[PDB]
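S.K.: This is the content of start02.cif (mmCIF, N, CA, C and O atoms):
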```cif
data_upload
loop_
_atom_site.label_atom_id
_atom_site.label_comp_id
_atom_site.auth_asym_id
_atom_site.auth_seq_id
_atom_site.Cartn_x
_atom_site.Cartn_y
_atom_site.Cartn_z
N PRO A 1 25.61 1.65 -3.24
CA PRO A 1 25.57 0.99 -1.92
C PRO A 1 26.05 -0.44 -1.94
O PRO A 1 26.50 -0.94 -0.91
N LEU A 2 25.95 -1.14 -3.08
CA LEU A 2 26.50 -2.49 -3.16
C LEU A 2 28.01 -2.47 -2.92
O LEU A 2 28.54 -3.25 -2.13
N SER A 3 28.71 -1.55 -3.59
CA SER A 3 30.15 -1.42 -3.38
C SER A 3 30.46 -0.88 -1.99
O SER A 3 31.47 -1.26 -1.38
N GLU A 4 29.60 0.00 -1.46
CA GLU A 4 29.79 0.47 -0.10
C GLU A 4 29.71 -0.68 0.91
O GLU A 4 30.53 -0.77 1.83
N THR A 5 28.73 -1.57 0.73
CA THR A 5 28.60 -2.73 1.60
C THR A 5 29.76 -3.70 1.40
O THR A 5 30.22 -4.33 2.36
N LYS A 6 30.25 -3.83 0.16
CA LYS A 6 31.43 -4.65 -0.08
C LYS A 6 32.63 -4.13 0.68
O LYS A 6 33.40 -4.90 1.26
N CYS A 7 32.82 -2.81 0.68
CA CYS A 7 33.87 -2.21 1.50
C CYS A 7 33.63 -2.46 2.99
O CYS A 7 34.57 -2.76 3.73
N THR A 8 32.38 -2.33 3.43
CA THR A 8 32.08 -2.45 4.86
C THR A 8 32.35 -3.87 5.37
O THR A 8 32.87 -4.04 6.47
N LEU A 9 32.02 -4.88 4.57
CA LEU A 9 32.09 -6.27 5.01
C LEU A 9 33.42 -6.94 4.69
O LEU A 9 33.55 -8.15 4.91
N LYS A 10 34.40 -6.20 4.17
CA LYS A 10 35.74 -6.73 3.89
C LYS A 10 35.70 -7.89 2.91
O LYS A 10 36.54 -8.80 2.97
N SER A 11 34.74 -7.89 1.99
CA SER A 11 34.61 -8.99 1.04
C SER A 11 33.99 -8.48 -0.25
O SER A 11 33.33 -7.44 -0.28
N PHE A 12 34.22 -9.24 -1.32
CA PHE A 12 33.65 -8.92 -2.63
C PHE A 12 32.25 -9.48 -2.82
O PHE A 12 31.60 -9.14 -3.82
N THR A 13 31.77 -10.32 -1.91
CA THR A 13 30.43 -10.88 -1.98
C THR A 13 29.74 -10.65 -0.64
O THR A 13 30.32 -10.92 0.41
N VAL A 14 28.50 -10.17 -0.70
CA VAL A 14 27.70 -9.89 0.49
C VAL A 14 26.45 -10.75 0.45
O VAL A 14 25.76 -10.81 -0.57
N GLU A 15 26.17 -11.43 1.56
CA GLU A 15 24.98 -12.26 1.66
C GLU A 15 23.74 -11.39 1.84
O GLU A 15 23.81 -10.20 2.14
N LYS A 16 22.58 -12.00 1.63
CA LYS A 16 21.32 -11.29 1.77
C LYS A 16 21.08 -10.91 3.23
O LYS A 16 21.25 -11.73 4.13
N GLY A 17 20.70 -9.66 3.45
CA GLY A 17 20.45 -9.19 4.79
C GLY A 17 20.58 -7.68 4.86
O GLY A 17 20.57 -6.99 3.84
N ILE A 18 20.68 -7.18 6.09
CA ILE A 18 20.81 -5.76 6.37
C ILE A 18 22.14 -5.52 7.08
O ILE A 18 22.51 -6.26 8.00
N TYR A 19 22.86 -4.49 6.64
CA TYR A 19 24.14 -4.12 7.22
C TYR A 19 24.24 -2.61 7.33
O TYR A 19 23.86 -1.89 6.40
N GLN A 20 24.74 -2.13 8.46
CA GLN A 20 24.96 -0.70 8.66
C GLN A 20 26.31 -0.32 8.06
O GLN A 20 27.33 -0.95 8.35
N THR A 21 26.31 0.73 7.24
CA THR A 21 27.52 1.17 6.54
C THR A 21 28.11 2.43 7.15
O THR A 21 29.31 2.45 7.48
N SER A 22 27.32 3.48 7.32
CA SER A 22 27.85 4.75 7.83
C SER A 22 26.71 5.54 8.44
O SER A 22 25.64 4.99 8.71
N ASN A 23 26.94 6.83 8.68
CA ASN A 23 25.91 7.70 9.22
C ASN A 23 25.76 8.95 8.35
O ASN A 23 26.68 9.34 7.63
N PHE A 24 24.58 9.56 8.42
CA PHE A 24 24.26 10.71 7.59
C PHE A 24 23.78 11.87 8.46
O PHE A 24 23.15 11.66 9.50
N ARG A 25 24.09 13.08 8.02
CA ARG A 25 23.68 14.29 8.72
C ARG A 25 23.72 15.45 7.73
O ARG A 25 24.30 15.35 6.65
N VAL A 26 23.09 16.56 8.12
CA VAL A 26 23.06 17.75 7.30
C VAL A 26 23.90 18.84 7.96
O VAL A 26 24.40 18.68 9.07
N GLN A 27 24.04 19.97 7.27
CA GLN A 27 24.88 21.05 7.77
C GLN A 27 24.12 22.37 7.77
O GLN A 27 23.22 22.58 6.95
N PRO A 28 24.47 23.29 8.68
CA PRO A 28 23.85 24.62 8.65
C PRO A 28 24.20 25.36 7.37
O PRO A 28 25.28 25.19 6.81
N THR A 29 23.26 26.19 6.90
CA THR A 29 23.49 26.92 5.66
C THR A 29 24.65 27.89 5.81
O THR A 29 25.72 27.66 5.23
N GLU A 30 24.48 28.97 6.57
CA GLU A 30 25.61 29.75 7.05
C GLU A 30 25.61 29.93 8.56
O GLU A 30 26.57 29.52 9.23
N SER A 31 24.55 30.52 9.13
CA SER A 31 24.42 30.82 10.55
C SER A 31 23.08 31.54 10.73
O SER A 31 22.39 31.85 9.76
N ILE A 32 22.74 31.81 11.99
CA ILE A 32 21.65 32.73 12.30
C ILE A 32 21.89 33.30 13.69
O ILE A 32 22.37 32.61 14.60
N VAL A 33 21.58 34.59 13.84
CA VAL A 33 21.78 35.31 15.09
C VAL A 33 20.56 36.17 15.36
O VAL A 33 20.04 36.83 14.45
N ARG A 34 20.08 36.15 16.60
CA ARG A 34 18.92 36.93 17.00
C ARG A 34 19.24 37.66 18.30
O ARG A 34 19.74 37.05 19.24
N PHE A 35 18.95 38.95 18.33
CA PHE A 35 19.20 39.80 19.48
C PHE A 35 17.96 40.63 19.77
O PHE A 35 17.15 40.89 18.87
N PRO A 36 17.78 41.07 21.01
CA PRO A 36 16.58 41.86 21.35
C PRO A 36 16.57 43.20 20.65
O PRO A 36 17.57 43.68 20.11
N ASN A 37 15.39 43.82 20.64
CA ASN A 37 15.21 45.11 19.99
C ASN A 37 16.07 46.17 20.68
O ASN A 37 16.31 46.13 21.89
N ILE A 38 16.53 47.13 19.88
CA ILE A 38 17.38 48.20 20.40
C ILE A 38 16.56 49.06 21.35
O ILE A 38 15.48 49.55 20.99
N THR A 39 17.07 49.26 22.56
CA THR A 39 16.39 50.06 23.57
C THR A 39 16.64 51.54 23.30
O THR A 39 17.14 51.93 22.25
N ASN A 40 16.28 52.39 24.26
CA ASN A 40 16.48 53.82 24.12
C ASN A 40 17.97 54.14 24.02
O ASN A 40 18.78 53.65 24.81
N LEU A 41 18.32 54.97 23.04
CA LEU A 41 19.71 55.34 22.82
C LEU A 41 20.15 56.41 23.82
O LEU A 41 19.33 57.11 24.43
N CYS A 42 21.46 56.52 23.99
CA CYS A 42 22.01 57.53 24.88
C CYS A 42 21.73 58.93 24.32
O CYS A 42 21.90 59.15 23.12
N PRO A 43 21.29 59.88 25.15
CA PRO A 43 20.99 61.22 24.63
C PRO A 43 22.24 61.95 24.16
O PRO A 43 22.73 62.86 24.84
N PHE A 44 22.75 61.57 22.99
CA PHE A 44 23.92 62.24 22.43
C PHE A 44 23.59 63.58 21.79
O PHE A 44 24.51 64.33 21.46
N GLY A 45 22.31 63.89 21.60
CA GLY A 45 21.94 65.17 21.01
C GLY A 45 22.35 66.35 21.88
O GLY A 45 22.94 67.32 21.39
N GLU A 46 22.05 66.27 23.18
CA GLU A 46 22.41 67.34 24.09
C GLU A 46 23.92 67.45 24.31
O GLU A 46 24.37 68.44 24.88
N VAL A 47 24.69 66.46 23.86
CA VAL A 47 26.14 66.52 23.92
C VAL A 47 26.74 67.09 22.64
O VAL A 47 27.69 67.87 22.70
N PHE A 48 26.19 66.72 21.49
CA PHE A 48 26.75 67.14 20.21
C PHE A 48 26.14 68.45 19.71
O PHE A 48 26.85 69.43 19.51
N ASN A 49 24.82 68.47 19.51
CA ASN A 49 24.12 69.65 18.99
C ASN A 49 23.10 70.10 20.03
O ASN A 49 21.96 69.64 20.04
N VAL B 1 23.90 4.40 19.96
CA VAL B 1 24.61 5.67 20.02
C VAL B 1 25.63 5.72 18.89
O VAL B 1 26.25 4.70 18.57
N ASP B 2 25.77 6.89 18.28
CA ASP B 2 26.82 7.13 17.30
C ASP B 2 28.06 7.59 18.06
O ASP B 2 28.04 8.64 18.70
N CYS B 3 29.12 6.78 18.00
CA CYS B 3 30.30 7.06 18.81
C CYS B 3 30.94 8.39 18.42
O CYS B 3 31.33 9.18 19.29
N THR B 4 31.06 8.65 17.12
CA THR B 4 31.70 9.88 16.66
C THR B 4 30.93 11.11 17.12
O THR B 4 31.51 12.07 17.64
N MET B 5 29.60 11.10 16.96
CA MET B 5 28.80 12.25 17.36
C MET B 5 28.78 12.41 18.88
O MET B 5 28.80 13.54 19.39
N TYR B 6 28.73 11.30 19.62
CA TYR B 6 28.74 11.39 21.07
C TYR B 6 30.05 11.95 21.59
O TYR B 6 30.06 12.80 22.49
N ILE B 7 31.18 11.50 21.03
CA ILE B 7 32.48 11.99 21.50
C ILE B 7 32.69 13.44 21.08
O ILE B 7 33.14 14.27 21.88
N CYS B 8 32.37 13.77 19.83
CA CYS B 8 32.63 15.09 19.28
C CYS B 8 31.34 15.65 18.70
O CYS B 8 30.68 15.00 17.88
N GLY B 9 30.99 16.87 19.11
CA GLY B 9 29.80 17.53 18.60
C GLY B 9 30.04 18.21 17.26
O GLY B 9 30.13 19.44 17.19
N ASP B 10 30.15 17.41 16.20
CA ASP B 10 30.39 17.91 14.84
C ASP B 10 31.67 18.74 14.78
O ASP B 10 31.71 19.81 14.17
N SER B 11 32.73 18.25 15.42
CA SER B 11 34.03 18.91 15.44
C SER B 11 35.01 18.09 14.62
O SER B 11 35.33 16.95 14.98
N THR B 12 35.48 18.67 13.51
CA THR B 12 36.41 17.96 12.64
C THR B 12 37.73 17.67 13.35
O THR B 12 38.28 16.57 13.22
N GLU B 13 38.25 18.64 14.10
CA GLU B 13 39.50 18.42 14.83
C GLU B 13 39.33 17.33 15.88
O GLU B 13 40.21 16.47 16.04
N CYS B 14 38.22 17.36 16.62
CA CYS B 14 37.98 16.33 17.62
C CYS B 14 37.86 14.95 16.98
O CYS B 14 38.37 13.97 17.51
N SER B 15 37.18 14.87 15.83
CA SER B 15 37.08 13.60 15.13
C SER B 15 38.44 13.11 14.66
O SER B 15 38.75 11.91 14.75
N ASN B 16 39.28 14.02 14.17
CA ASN B 16 40.62 13.64 13.72
C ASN B 16 41.46 13.12 14.88
O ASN B 16 42.18 12.12 14.74
N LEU B 17 41.38 13.78 16.04
CA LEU B 17 42.10 13.28 17.22
C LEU B 17 41.54 11.93 17.68
O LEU B 17 42.31 11.06 18.09
N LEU B 18 40.22 11.76 17.62
CA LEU B 18 39.63 10.48 18.00
C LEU B 18 40.04 9.36 17.05
O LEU B 18 40.13 8.20 17.47
N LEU B 19 40.31 9.69 15.79
CA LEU B 19 40.73 8.68 14.82
C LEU B 19 42.05 8.04 15.22
O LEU B 19 42.30 6.88 14.89
N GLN B 20 42.91 8.78 15.93
CA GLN B 20 44.19 8.24 16.36
C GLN B 20 44.03 7.10 17.37
O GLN B 20 44.96 6.30 17.53
N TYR B 21 42.89 7.02 18.05
CA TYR B 21 42.68 5.96 19.03
C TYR B 21 42.52 4.59 18.39
O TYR B 21 42.82 3.58 19.03
N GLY B 22 42.06 4.54 17.14
CA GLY B 22 41.90 3.27 16.46
C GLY B 22 40.52 3.08 15.87
O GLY B 22 40.03 3.94 15.13
N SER B 23 39.88 1.96 16.19
CA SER B 23 38.55 1.62 15.69
C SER B 23 37.63 1.25 16.85
O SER B 23 36.88 0.27 16.80
N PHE B 24 37.69 2.04 17.93
CA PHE B 24 36.84 1.77 19.08
C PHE B 24 35.38 2.04 18.77
O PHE B 24 34.49 1.31 19.24
N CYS B 25 35.10 3.08 17.98
CA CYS B 25 33.72 3.40 17.64
C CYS B 25 33.08 2.28 16.82
O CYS B 25 31.91 1.94 17.03
N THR B 26 33.83 1.71 15.88
CA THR B 26 33.31 0.61 15.08
C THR B 26 32.98 -0.60 15.94
O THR B 26 31.94 -1.24 15.76
N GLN B 27 33.85 -0.92 16.90
CA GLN B 27 33.59 -2.05 17.79
C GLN B 27 32.35 -1.81 18.64
O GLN B 27 31.53 -2.72 18.83
N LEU B 28 32.18 -0.58 19.15
CA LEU B 28 31.00 -0.27 19.95
C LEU B 28 29.73 -0.35 19.12
O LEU B 28 28.70 -0.85 19.59
N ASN B 29 29.78 0.16 17.88
CA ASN B 29 28.61 0.07 17.01
C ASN B 29 28.27 -1.38 16.69
O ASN B 29 27.10 -1.76 16.66
N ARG B 30 29.29 -2.21 16.45
CA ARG B 30 29.06 -3.63 16.21
C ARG B 30 28.45 -4.30 17.43
O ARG B 30 27.54 -5.14 17.30
N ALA B 31 28.93 -3.95 18.62
CA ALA B 31 28.36 -4.51 19.84
C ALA B 31 26.90 -4.11 20.02
O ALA B 31 26.06 -4.93 20.40
N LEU B 32 26.58 -2.84 19.74
CA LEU B 32 25.20 -2.39 19.85
C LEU B 32 24.30 -3.09 18.83
O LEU B 32 23.17 -3.47 19.14
N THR B 33 24.79 -3.26 17.60
CA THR B 33 24.02 -3.99 16.59
C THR B 33 23.80 -5.44 17.01
O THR B 33 22.71 -5.99 16.82
N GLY B 34 24.83 -6.07 17.58
CA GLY B 34 24.67 -7.42 18.08
C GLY B 34 23.67 -7.51 19.21
O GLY B 34 22.90 -8.47 19.31
N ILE B 35 23.66 -6.50 20.09
CA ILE B 35 22.68 -6.46 21.17
C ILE B 35 21.27 -6.34 20.61
O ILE B 35 20.34 -7.01 21.08
N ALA B 36 21.08 -5.48 19.61
CA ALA B 36 19.76 -5.34 18.99
C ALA B 36 19.32 -6.64 18.33
O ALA B 36 18.16 -7.05 18.45
N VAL B 37 20.24 -7.30 17.62
CA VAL B 37 19.91 -8.58 16.99
C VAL B 37 19.57 -9.62 18.04
O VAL B 37 18.66 -10.44 17.86
N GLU B 38 20.29 -9.61 19.17
CA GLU B 38 19.99 -10.54 20.25
C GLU B 38 18.61 -10.28 20.83
O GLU B 38 17.88 -11.23 21.14
N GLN B 39 18.23 -9.01 21.00
CA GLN B 39 16.90 -8.69 21.50
C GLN B 39 15.82 -9.17 20.53
O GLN B 39 14.80 -9.74 20.95
N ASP B 40 16.03 -8.95 19.23
CA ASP B 40 15.07 -9.42 18.23
C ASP B 40 14.96 -10.94 18.25
O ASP B 40 13.85 -11.49 18.19
N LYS B 41 16.10 -11.64 18.35
CA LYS B 41 16.07 -13.10 18.42
C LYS B 41 15.36 -13.56 19.69
O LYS B 41 14.62 -14.55 19.66
N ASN B 42 15.57 -12.87 20.80
CA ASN B 42 14.93 -13.25 22.06
C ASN B 42 13.42 -13.11 21.96
O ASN B 42 12.68 -14.02 22.37
N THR B 43 12.93 -11.99 21.43
CA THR B 43 11.48 -11.82 21.32
C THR B 43 10.89 -12.80 20.31
O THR B 43 9.79 -13.33 20.52
N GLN B 44 11.62 -13.09 19.23
CA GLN B 44 11.16 -14.07 18.25
C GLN B 44 11.05 -15.46 18.88
O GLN B 44 10.07 -16.17 18.66
N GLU B 45 12.05 -15.85 19.67
CA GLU B 45 11.99 -17.15 20.33
C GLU B 45 10.92 -17.20 21.40
O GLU B 45 10.29 -18.25 21.60
N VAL B 46 10.68 -16.09 22.10
CA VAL B 46 9.68 -16.07 23.15
C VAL B 46 8.28 -16.18 22.57
O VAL B 46 7.46 -16.98 23.05
N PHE B 47 7.98 -15.41 21.52
CA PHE B 47 6.61 -15.35 21.01
C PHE B 47 6.40 -16.15 19.73
O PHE B 47 5.47 -16.96 19.67
N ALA B 48 7.23 -15.93 18.71
CA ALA B 48 7.08 -16.64 17.43
C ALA B 48 7.59 -18.08 17.55
O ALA B 48 8.77 -18.38 17.39
N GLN B 49 6.65 -18.98 17.83
CA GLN B 49 6.95 -20.40 17.97
C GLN B 49 6.01 -21.28 17.16
O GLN B 49 6.37 -22.43 16.86
#
```
Using structure tokens, write down the structure that the file contains.

M.R.:
Amino acid sequence: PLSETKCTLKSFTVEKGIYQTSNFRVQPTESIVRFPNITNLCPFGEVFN
Amino acid sequence: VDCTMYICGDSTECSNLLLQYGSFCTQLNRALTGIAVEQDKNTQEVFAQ
């Protein structure tokens, strides 16, 4: 972070204090999907067998 | 406010297109930091005497 602050402040020397450098965030693992329970199926039995 | 996140909802293409505009996000972040520092200085001058 010392070198990060040096990059941020356009100088090789940084005075004592607080400086904002960048932002941080996380990422989703892969995905997640949720759908309702399967309802009654079409009566394909009387059509096939 | 984070300018990049506000403009683009975690979109790499949107961020890349926004990068072509220049350094507007950095200026806005600096202005917000200056506003926060001004508020802290104001409350310090008002109460801490």

S.K.: Starting from the shown file, work through the PyMOL selection byres (((chain B and resi 4 and name CA) around 10) and name CA) and note down what comes out as JSON, numbers by chain.

M.R.: {"A": [23], "B": [1, 2, 3, 5, 6, 7, 8, 9, 10, 11, 14, 15, 18, 19, 24, 25, 26]}

S.K.: Please report the interatomic distance between atom C of residue A:2 and atom N of residue A:18 in Å with one decimal.

M.R.: 12.5 Å

S.K.: Can you measure atom CA of residue B:29 to atom O of residue A:19 for me? One decimal in Å is fine.

M.R.: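 Interatomic distance here is 11.8 Å.
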
S.K.: Find, counting only C-alpha atoms, the residue in A:14, A:26, A:47, A:32 that gets nearest to chain B.

M.R.: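 So, comparing all the options, the nearest one is A:26.
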
S.K.: Return as AutoDock Vina command-line options the centre and edge lengths, in Å with one decimal, of the box along x, y and z that encloses every atom of stretch 30-43 of chain A in the file, padded by 3 Å per side.

M.R.:
```
--center_x 20.9 --center_y 45.9 --center_z 15.9 --size_x 17.4 --size_y 39.9 --size_z 24.6
```
